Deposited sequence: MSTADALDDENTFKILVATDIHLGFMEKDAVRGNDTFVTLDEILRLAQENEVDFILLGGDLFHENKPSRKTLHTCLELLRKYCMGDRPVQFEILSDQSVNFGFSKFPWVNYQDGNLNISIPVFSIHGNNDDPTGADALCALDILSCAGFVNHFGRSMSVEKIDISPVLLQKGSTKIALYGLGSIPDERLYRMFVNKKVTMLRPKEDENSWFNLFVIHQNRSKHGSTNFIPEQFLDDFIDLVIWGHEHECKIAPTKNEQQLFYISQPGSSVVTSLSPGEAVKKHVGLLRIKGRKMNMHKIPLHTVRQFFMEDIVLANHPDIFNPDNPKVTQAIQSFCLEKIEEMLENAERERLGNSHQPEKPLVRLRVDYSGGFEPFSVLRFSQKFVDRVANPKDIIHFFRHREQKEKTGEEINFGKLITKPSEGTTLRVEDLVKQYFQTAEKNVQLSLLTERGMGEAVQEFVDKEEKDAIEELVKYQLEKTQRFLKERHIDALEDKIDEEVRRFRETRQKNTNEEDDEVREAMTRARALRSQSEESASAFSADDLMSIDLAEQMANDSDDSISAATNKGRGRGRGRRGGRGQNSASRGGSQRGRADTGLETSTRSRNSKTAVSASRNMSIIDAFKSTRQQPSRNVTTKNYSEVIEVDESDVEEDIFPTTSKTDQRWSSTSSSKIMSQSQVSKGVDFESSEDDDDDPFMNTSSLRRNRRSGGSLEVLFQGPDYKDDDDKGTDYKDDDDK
């Protein structure tokens, strides 16, 4: 049911345009999924699109990324369809960073069918002396309404983007992507402020859009004010488009997720969704919409230590068992992915497969170089298929002493006695006499020479070393 007093908002977040645009397999994933998102916005006749940040993957998007974003925004967000909602807010303080401080659909030279309200994510936060972002370029072109950007480092005062369609009224609070520790410092110094309308304050929805880390520094979710009714959350790619309320916060938390698989995290394997928000006065109804152009991502984690039945650390042929088990797991995951690819034709054929093998009981990883060579044209991440990792005494003196004793018993010393050169070397190392070896050698030489001289032994080599052996034995 869509009355004249309903707010259909297509809440997307973390589109991450241009992500891996140089890849031959995943080059056009983000653009296609943004095309699908805009198609959903156009087909559902939404009032406006509410992007949660990180619309671009890079701080300075490439020419292809910006051109594709402009093409899609002009194709879908520009039209002759009348806008149904008001803006009773001081537009020179919400969008008043550009030299055109008014909402894009109200410009006398632009015809906007679907207004776009967005915040900037930490991948595309403003930089430089002029403090410009990619969303600034989009807003200057006239396609997006960049709102919620902070102006002063010392303190932040956000101004709601007041909207009203019929009876219903929404206060669209928005915060940019301040660095997590800096924003934490603002939240503990009471240097953050939320300006609510002065009167009728209890008749606004107070929708808040924030792009920050959550339970993952981390901006905890209890620092946020208690008057909010919905909190869209970005910088979190595991979809939770379903609104969730904790024990005591009096507001709902929606996590739209991402439009693409950026990292290979375990929480990133969840099915990506885009929201379809509806507001009628005070009530909310978020309807999840699956995206059929998002590449699949299946992962498995195995710890070889916790399977003593098959994985025997002392088995000389255990490496081939590891390789066979990993091959079977990858084949099972690929078959499962193929079984789910017959529902729709839009999902890319090559899925994302990740297999983290934790070896800790003295296992040797196999040839990951050649194992991944058996899926060159069957997976979308040929290089990153298997991840090997381990989750997180010896003294040279004993070794040298042991070697010295072993040598003395495996060859026969000729002049120097047993356990004398070992202690000489030990003294040189520890006490730093720096003359112990020479002193010992000279002392033994002079002692044996004096004995040989006083013993009255004729000058012939055989008798000389015979008496030398006699002295060593005695």
Where the deposited sequence has no C-alpha coordinates (positions from 1, in order): 1-6, 223-226, 403-425, 508-738
